[PDB]
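Read in order, the letters of the sequence shown correspond to residues 15 to 161, 172 to 210 in the authors' numbering. For each residue, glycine too, the CB sits at the ideal point set by N, CA and C. One structure is given below, encoded as structure tokens.
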Amino acid sequence: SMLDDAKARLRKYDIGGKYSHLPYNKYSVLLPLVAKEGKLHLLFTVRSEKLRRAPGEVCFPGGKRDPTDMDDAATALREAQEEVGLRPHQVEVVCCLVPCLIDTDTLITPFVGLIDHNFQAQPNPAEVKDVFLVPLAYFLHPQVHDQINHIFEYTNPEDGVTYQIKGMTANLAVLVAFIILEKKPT
Ligand SMILES: *CC(=O)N1CCC[C@H]1c1cccc(CC(=O)Nc2cccc(Cl)c2)c1
């Protein structure tokens with residue numbers, strides 16, 4: 015099946031907890047996969063314009079580890095629950111992808127999660143301005159704009185709204201698209 019095939023592909027790239035104890039400032043992100051209309055999608059958030067860091071930017075759910083978290087996956091799930099109302103029974107964490115080093119002292123660990131079909135996001139408006147889906151296949155043939173660094177523009181066909189996806193968020197989306205969609209019979 016589509017979902018069993020996606021999980022089997024993802025597991026081959028799992029690094030597990032290999033980098034998880036290193037003494038960094040630690041953040042986790044959840045890369046949330048949603049199956050709709052017979053295709054996989056990624057779920058994105060738009061950060062509230064009120065936030066001090068990166069207001070209005072497209073990002074994955076997640077945030078800073080706190081002492082309550084049993085592990086880095088727990089960080090991602092706790093923060094996703096706060097931000098978009100995703101409950102832990104609604105997400106299956108499949109793997110841990112390559113961590114992202116930034117600022118010399120920070121390590122961001124991405125987890126891919128399969129999201130229940132009955133989940134409906136409840137954006138916390140103090141943190142999240144918007145939530146939207148992009149088909150995973152978009153990231154194989156994105157609409158690229160050069161600002172010199174590459175920005176993706178995705179237009180939702182439901183309403184005509186265009187979102188800019190860039191940086192680490194764009195890079196991780198492409199990675200997941202490659203892992204899941206490369207080398208597949210039609
Ligand atoms: C867009 C993005 O990936 N960002 C913006 C800030 C730096 C980077 C980032 C680093 C580490 C963790 C996260 C996850 C995150 O904080 N996500 C998130 C989304 C929407 C609202 C809130 Cl409060 C938080 C992002």
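Taking DSSP's pairing of strands, which residues face residue i in a bridge?
i: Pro46; result: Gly127
i: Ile189; result: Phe176
i: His55; result: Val48 and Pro149
i: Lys78; result: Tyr41
i: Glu106; result: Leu128
i: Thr120; result: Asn39 and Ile116
To the nearest angstrom, how far is the alpha carbon of residue i from that of residue j?
i: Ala68; j: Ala87; result: 23 Å
i: residue 166; j: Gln188; result: Gap in the chain between 161 and 172; residue 166 lies inside it and carries no coordinates.
i: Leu111; j: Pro102; result: 20 Å
i: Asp19; j: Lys50; result: 16 Å
i: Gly191; j: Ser15; result: 32 Å
i: residue 168; j: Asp160; result: Note on the chain: consecutive modelled numbers read 161 then 172, so residue 168 has no coordinates in the structure shown.
i: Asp130; j: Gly30; result: 23 Å
Going by other Cβ atoms of all chains shown within 10 Å of its Cβ, with 16 needed for buried, is residue i buried or exposed?
i: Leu56; result: buried
i: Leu154; result: exposed
i: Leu24; result: buried
i: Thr89; result: buried
i: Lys78; result: exposed
Taking 6 Å as the cut-off, is the C-beta of residue i nearer than that to any heavy atom in ligand 1?
i: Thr210; result: no
i: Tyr41; result: yes
i: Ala94; result: no
i: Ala68; result: yes
i: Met192; result: yes
i: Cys73; result: yes
i: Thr59; result: yes
i: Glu97; result: yes
i: residue 165; result: Between 161 and 172, the chain has no modelled residues, which means residue 165 does not appear in the coordinates.
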